[PDB]
């Protein structure tokens, strides 16, 4: 038997290294690949994946991974391995991110958005082959988030042999399109904007894989995904429309999981674009927004109002005393002092698809447009296809944007570096377009130490800084939902990271 998953977007690649977009990661990361290590969703301890063991040196500058033996790369229509997984695959995979001499470093777009945002090339000096099944990472400095970064869905292990065979024929451009991994499923077919089809990996190292066939039905329209699960054309539906949760709840043969999750939905200002570079304007705009109306009409009472950019479940969470409160009069008063008592036009870019942190950006934008009109700010709503949308926000084309972040790890840095740091801005991320070295300094110091208390102190000051300067306005944290036919079991919906179907089964 097989399983049909209704995906909300086309995958932008079959290599997790080149995107941070959940829509893509959900499809490819846990299905085709494995990592060196993962993070236990309950205890937050690192768990063995392709690494059986790891040790950090005294000074935190060397990390040694012992590797699993007997691990096979996929046999696909286009590739048949000659050897089992080893240290060379690790050294190739990760050096491709930071080493300009790696022959794939510049392949495709030459962009690795997560890794560049956390400044990977200022972190890894080199990777040493101590033996066939052991490698040592040498770092320029200790970073307390390093293992957490090696546990992200982006840190998959690629095939050096495949990479090299394609290079010998000048077909490096196929590497990221026709993937080879060690994961539970294998690439069979992809039809742009229609479907992707994976097959069971009969050689999977970790366990026997239950499903023979995995199909992703690319279906951007939220109501259509509801429709498809109701008619049983799909067995699993990504990100169900909150307006249709009640309908799904009433169907006996449909299960809907609802889980707490580390995420933030926010309204980011393009801080390099006047007038949004003016702090008074940013303050004015936020006080104009009826957030409680939003908690009700958008999140349907299922979200938690944001008290900080960090979700209350983050270990560094600290509620901010000066969170802006809804006050149109105060909003009007600031707008004037900012020099805009006749207001101005502005765009609010809205996502076309439901996300954990914002189930309906369009509706939220419309509510905001209505609120803002009341103080003379004329909003036009901008919206594009999901992947196009992410790309243009990455180019900072917008005045302001409704976006957010679903955390890939429970390490608080995962909210800060990829979101608000200088390097993030220079790597096509950071919707606020905010480069503040004094803020970046706090994040560096939080990483110079492993001491939780010391880290939290810096994250406390980082949190306060975001509220004072308002590069973005934290709005809410959402629940993670997923709908599936009652015939489906073994699906993992955790508090961070992408979906996995590795243990999925029917009946």
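Positions refer to the first chain, counted from 1.
Return whichever of 167 to 175 and 214 to 222 has the greater mean Cα B factor according to the PDB record.
Looking at the recorded C-alpha B-factors, 167 to 175 comes out higher on average.
Identify the stretch, either 382 to 390 or 319 to 327, whose C-alpha atoms have the larger mean B-factor according to the entry.
The entry gives the higher C-alpha B-factor average to 319 to 327.
Taking the Cα B-factors listed in the entry, which of 247, 361, 375, 356 comes out highest?
Top of the list by C-alpha B-factor: 375.
Highest Cα B-factor in the PDB entry belongs to which of 367, 90, 124, 298?
Within the set 367, 90, 124, 298, 124 shows the top C-alpha B-factor.
Chain thirds of CA B-factor: placement of residue 492:
Residue 492: CA B-factor falls in the highest third of its chain.
Could you place residue 241 in the lowest, middle or highest third of its chain by Cα temperature factor, using the values in the record?
Highest third, going by the recorded CA B-factors of the chain.
Among modelled residues of the same chain, the CA temperature factor third for residue 117
Bottom third by C-alpha B-factor.
Chain-wide C-alpha B factor ranking for residue 418, given as lowest, middle or highest third:
It belongs to the lowest third of the chain when residues are ordered by C-alpha B-factor.
Can you tell me whether residue 97 has a C-alpha B-factor in the lowest, middle or highest third compared with the other modelled residues of the same chain?
Tercile = highest for this residue's CA B-factor.
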